[PDB]
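So you can see what is in the structure, the chains are spelled out below.
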Amino acid sequence: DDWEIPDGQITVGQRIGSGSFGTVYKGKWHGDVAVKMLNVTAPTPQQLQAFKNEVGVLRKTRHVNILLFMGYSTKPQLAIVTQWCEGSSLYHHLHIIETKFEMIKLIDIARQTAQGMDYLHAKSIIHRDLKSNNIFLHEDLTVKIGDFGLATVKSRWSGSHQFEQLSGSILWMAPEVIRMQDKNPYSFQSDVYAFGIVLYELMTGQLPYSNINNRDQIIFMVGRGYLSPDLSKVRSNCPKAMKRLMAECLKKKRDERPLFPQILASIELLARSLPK
Amino acid sequence: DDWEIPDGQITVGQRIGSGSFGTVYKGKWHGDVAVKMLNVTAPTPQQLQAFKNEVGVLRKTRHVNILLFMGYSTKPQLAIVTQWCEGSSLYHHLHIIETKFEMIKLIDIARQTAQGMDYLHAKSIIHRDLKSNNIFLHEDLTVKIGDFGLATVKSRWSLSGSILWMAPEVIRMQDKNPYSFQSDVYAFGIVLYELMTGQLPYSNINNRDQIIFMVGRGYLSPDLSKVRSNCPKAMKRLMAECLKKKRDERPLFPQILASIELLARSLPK
Ligand SMILES: CCCS(=O)(=O)Nc1ccc(F)c(C(=O)Nc2cnc3nc[nH]c3c2)c1F
Ligand SMILES: CCCS(=O)(=O)Nc1ccc(F)c(C(=O)Nc2cnc3nc[nH]c3c2)c1F
């Protein structure tokens, strides 16, 4: 039944995930596996019971667009091993190497993302940090949804990690999240808005607000709704129905935002109306 | 926690998968899904508790080379829904359409298969019917291991299209449990022999009884002088090693995977 991977089965190799909360390594375990070690310097029960529950959230997922949970580790460190995806990550493509994606693909990458999210939700999971850097293009045509694990084990734990990954990701925070209004700003629609920003990523190939150099104002304005994405950049050939759906996903007023089933539906349809 | 898919979420469409053991349909459930319905005309407890346990075997698996278990169904029929793989199936490629695979790939397809099997085993699962028709090439470059589910729900419920991959000690039903890791290896051997030759073994003997008789008496084995010219000597050697009539002389998968991972990084120059 259970997924705990014993000490020394996983062969931790080349390093790649650099952050402060955990560290991602390419590894080997019945073949190529990614492994993220939480570098929490060994628990410390029952922090340990709280990590097991977060794994519980993970294995609730079995979908071809959610990243595949493979097993976890308590022995040398804490960790999570997931499949290894050969190929980069939407962010890297759009913003590091500046891949020119054909439009048919872009819509495709939107769908899959939408596909997966619809799933994450259907099973009561809120991602809490969708963004192009957690969307991985595997073998360049499949989408795997990324860094949604844990969270419960981040707002109750000590480190500079709820000051980093609340930071490197603000561009995708819907307003009602930016200004920490209360306890739970996060919600399906929180997730949608982010989906909206990746949409705006795909369709423009830039990150929003590339001309404002102080990252405080971005925060101030976005949450006060003085600032929003410049929807006059969806590249010429961006289908009107999409640009429309994007703008729909990005509503400052979280209640005017579509949930994902409807979002997926309007993408599955605008697709079958193009190649002619 | 649980995977039971309620009635009428799955949209069963175009038909494809033939036979008893199950009939397979392309479907839709959070996107494209394959579904196999057991057409057992509704249980009949507690046959039903015995199908749930077979699913239990399935969800023990989470690997990028084992086919992805997605959820099961008790409502309209019994069923299992798995991911939908776009593209064919090793058997179809090699023997129906006759794909010319570049050798670097062939070895790759061997590895992945070996990759997945090593996994199936590590977690105490015996496949009991590896064969090119349960190896699916998804998007043509990834390998998903196939029809290993159930089995406990097949020998207790009311062997042919797959004999070519049966190690001898299995063919002649010697006793109760002929099946074992090495049983599986021999089959892996035959897919190897498939990849490396592009034919099914014994293509010149037209009575399917003798195949059975001889193979199990060890009078007949695969014609290893067919591994196409450029088949690396180290592989042809490993194949022959995987195919030993004496099940104890067969390598387990870790070693098998190891000798494939190595003969790979020694070729492109
Ligand atoms: C659904 C996965 C469980 S998660 O903790 O939410 N996510 C989670 C957990 C552990 C990881 F290593 C990762 C991850 O970044 N994996 C990962 C996968 N393939 C890669 N190819 C290059 N770099 C990679 C990283 C992950 F995204
Ligand atoms: C018996 C338990 C389920 S399993 O053995 O793990 N998997 C399993 C079992 C039975 C099937 F027919 C299938 C199956 O046909 N899957 C399948 C998946 N994608 C396909 N694209 C075209 N044809 C396909 C078939 C399967 F993937």
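Conventions and cut-offs
- Residues numbered from 1 in each chain as written, not as in the entry; some residues may be left out.
- Chains lettered and ligands numbered in written order.
- Heavy atoms only, no water.
- Domains from an automatic or database assignment.
- Contact = heavy atoms within 4.5 Å.
- Buried area = accessible area lost by both parts, 1.4 Å probe.
- Salt bridge = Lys/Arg side-chain N within 4 Å of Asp/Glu carboxyl O.
- Polar contact = N/O pair within 3.5 Å; in protein donor to acceptor, adjacent residues only side chain to side chain.
- Helix = DSSP H or I, 4+ residues; strand = E, 2+ residues; numbered from the N terminus.
- Nonpolar A, V, L, I, M, F, W, Y, C, P; charged D, E, K, R; others polar.

For this deposited structure, the header cites X-ray crystallography as the method used and 3.6000 Å as the resolution.

The name given to chain B in the PDB entry is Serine/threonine-protein kinase B-raf, with the source organism recorded as Homo sapiens. The record for the entry shows the title "Human B-Raf Kinase Domain in Complex with an Imidazopyridine-based Inhibitor".

With the PDB entry as reference, chain A is termed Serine/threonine-protein kinase B-raf, source organism Homo sapiens.

Points about the domain arrangement of chain B
Residues and elements named next belong to chain B. Looking at chain B, the domain boundaries give domain 1 (1-86) and domain 2 (87-269). Using C-alpha coordinates to define each centre, domain 1 is positioned 25 Å away from domain 2. Contact with domain 1, which involves 24 residues of that partner, is made by 24 residues of domain 2. Summed over both sides, the interface of domain 1 with domain 2 buries roughly 2200 Å², with 62% coming from carbon and sulfur. Inspection of the region where domain 1 meets domain 2 yields one salt bridge. Put simply, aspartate 147 and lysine 36 hold a salt bridge, and the shortest N to O gap is 3.7 Å. Here domain 1 and domain 2 share nine residue pairs in polar contact between them. Put simply, the parts of the chain that give the side of domain 1 that touches domain 2 at least two residues each are α1 (47-58) and β5 (79-83).

Details of the domain arrangement of chain A
Residues and elements named next belong to chain A. For chain A, the assigned domains read domain 1 (1-86) and domain 2 (87-276). A C-alpha centroid distance of 25 Å is found between domain 1 and domain 2. The interface of domain 1 with domain 2 comprises 26 residues on the first partner and 26 residues on the second. Contact between domain 1 and domain 2 buries roughly 2400 Å² in total, counting both sides, with carbon and sulfur atoms accounting for 62%. The interface formed by domain 1 and domain 2 holds one salt bridge in total. Those elements that provide at least two residues to the side of domain 1 that touches domain 2 are α1 (47-58) and β4 (79-83). Ranked by residue count, the leading element in the side of domain 1 that touches domain 2 is α1, at six residues. Its residues assigned to classes, the side of domain 1 that touches domain 2 shows 14 nonpolar, seven polar and five charged.

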